[PDB]
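A, B, C, D, E and F label the chains in the order they appear, each numbered from 1.
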Amino acid sequence: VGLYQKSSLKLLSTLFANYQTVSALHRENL
Amino acid sequence: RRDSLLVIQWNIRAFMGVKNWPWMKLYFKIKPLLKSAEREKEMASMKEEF
Amino acid sequence: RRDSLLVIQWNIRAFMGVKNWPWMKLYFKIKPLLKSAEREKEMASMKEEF
Amino acid sequence: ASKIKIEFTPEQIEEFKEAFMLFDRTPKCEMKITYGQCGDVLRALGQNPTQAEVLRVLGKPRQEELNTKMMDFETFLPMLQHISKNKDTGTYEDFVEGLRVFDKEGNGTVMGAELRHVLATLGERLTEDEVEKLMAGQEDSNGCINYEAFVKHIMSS
Amino acid sequence: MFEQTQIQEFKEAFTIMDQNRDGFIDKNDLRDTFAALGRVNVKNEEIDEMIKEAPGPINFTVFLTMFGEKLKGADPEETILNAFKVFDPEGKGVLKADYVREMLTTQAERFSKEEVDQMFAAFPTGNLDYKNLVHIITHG
Amino acid sequence: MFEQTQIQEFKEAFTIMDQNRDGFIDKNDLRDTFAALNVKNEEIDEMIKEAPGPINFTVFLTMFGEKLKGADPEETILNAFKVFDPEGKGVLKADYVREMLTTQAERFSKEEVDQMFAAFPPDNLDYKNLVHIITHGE
């Protein structure tokens, strides 16, 4: 991840600009 | 729209009436010398847009 | 800067050339204050207010 | 010091002479031109003379020789053209690769203060105010100067 | 049918050309005014033309009638600008020369195509802007 | 075309110079200048020297115009002086201006330097008054 934040592409950086289980998040969204 | 086209063709008719005889060439050269009315219209437009 | 200096020097040369003339000063130093105020400097006033 | 080898079209010489007259600070002695500051114009004439090179193109002039005494550029004109045609310069990618190692994070930029320091101290001698005006505008909020864009702007302009 | 601004302009022109203050235009008057405002390149006997077109003493009346017959249907240039801009849907002067000429010769008051092409020489894209079209009319 | 800028209105100035409306400036009309502010025999007969003859109007306009072939708008001079020094406070010393003009623009000799000194005596040279007075805009 830390490698990703210091990548050449601004795209990869903005995907991983920062880094809540998925099941709970899905239930909350539902 | 038809009246505007009529005015356009009326100006064209005036142009045909004059065409390009150098007398109106002297007239048009005189026009920059005598621009009093043009300046008055300039300030009139200037104050209405004010 | 050199272009500005050329402009300034040419203008001051013309000003000296017209200043040595006795006629120019008499009708060119009081006209802008009085004679040019009502119908020439009024373009300056309308331009600055615009 | 230099021989007559290559000459370009006289109109190019004419506009070089015109620029020199622009820089000519001698009102009546317009024939002669500055001995040392002519290299500054050579800098302004689309060339990038290094300090040692701009010195020995003049045959190692002294400071009094650089400023007090005069000289006729037209003698040096073949040597100026020779300097132009040497092409002793790197490429834009070469420049960005060279300044890339002067970084510790690989973000595509370089911090401003260390850049000014190396420009003034590590390289050839240059006054600071020159470096701040060089990256004036190129300087950003966090100091991470975009060295690629900065150097392309420099060599292009 | 005479525009007041234009008739006062004609009066002012009559005043400036009447440098002799004799009330009529003579050959010397035309020579002096052509030297003053025109160029000395044309020194041919057009003075004979201008004196035989209006023989004898000529006052402001004959000049006014001559202007009226020459400029039949006088229109102020500002009015022409307004008509052109309201005619243009955008008013930015990108009106096509061929299209506007076709409407001119088609919608009403059909005109000869040769004179239209002479006046509308399709100055480019063909965007014959009306500002220059009236500038040439009013200032040669 | 003669009388390009600032002179198309100067026709009004020449019209108001004349009072009897004879199409030009009358020989005896000069008293209006005396009324506009002493007129002597020198001032009376200087018309022939400064004017070839009382003939026409536009010729007088052009004749007075060749003097102002170097004329330029006052705002242009103000802009040039302002871009000369961004402070624009006119604190540039007289001799400093003289040396810059001599060494860069034109080879101004002493017979020009003294006249320029007479135009604006040193305080420096506050450009505001000079730019106002060249066009007489005050």
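Heads up, the rule we're going with is that a residue touches a chain if its C-beta (ideal position, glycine included) is under 8 Å from a C-beta of that chain, and two chains touch if they have at least 3 such contacts.
Going by UniProt, the chains are D = Myosin light chain 3; E, F = Myosin regulatory light chain 2, ventricular/cardiac muscle isoform.
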- Chain with the smallest distance from its CA centroid to the overall CA centroid? C
- Using the touch rule from the top, work out which pair, B-E or D-F, shares more C-beta pairs. B-E
- Message: Need the CA-centroid distance for the pair chain B / chain F, whole Å please.
- Response: 35
- Message: Taking the mean of the C-alpha atoms as each chain's centre, how many Å separate chain A from chain E?
- Response: 75
- Note on the structure: chain A to chain C, mean C-alpha position gap in Å, rounds to 70
- Would you pick out the residues of chain B that each touch at least 2 other chains? 32-34, 36, 39
- Would you pick out the residues of chain E that each touch at least 2 other chains? 16, 37
- Where chain D touches two or more other chains at once, by residue number: none
- Contacting chain pairs - touch in the sense defined above: A-D, B-C, B-E, B-F, C-F, D-F, E-F
- Mind pulling up the chain F residues that touch chain B in the complex? 1, 8-9, 11-12, 58
- Can you list the chain F residues touching chain E in their complex? 22-23, 55-59, 62
- Which bits of chain F are touching chain D when the two form their complex? 102-103, 107
- Message: Under the stated contact criterion, what part of chain C meets chain F in this complex?
- Response: 1-2, 4-19, 21-24, 26-33, 35-36, 39-41, 43-44
- Within the complex, chain F is touched by chain E residues 16, 19, 21, 32, 36-37
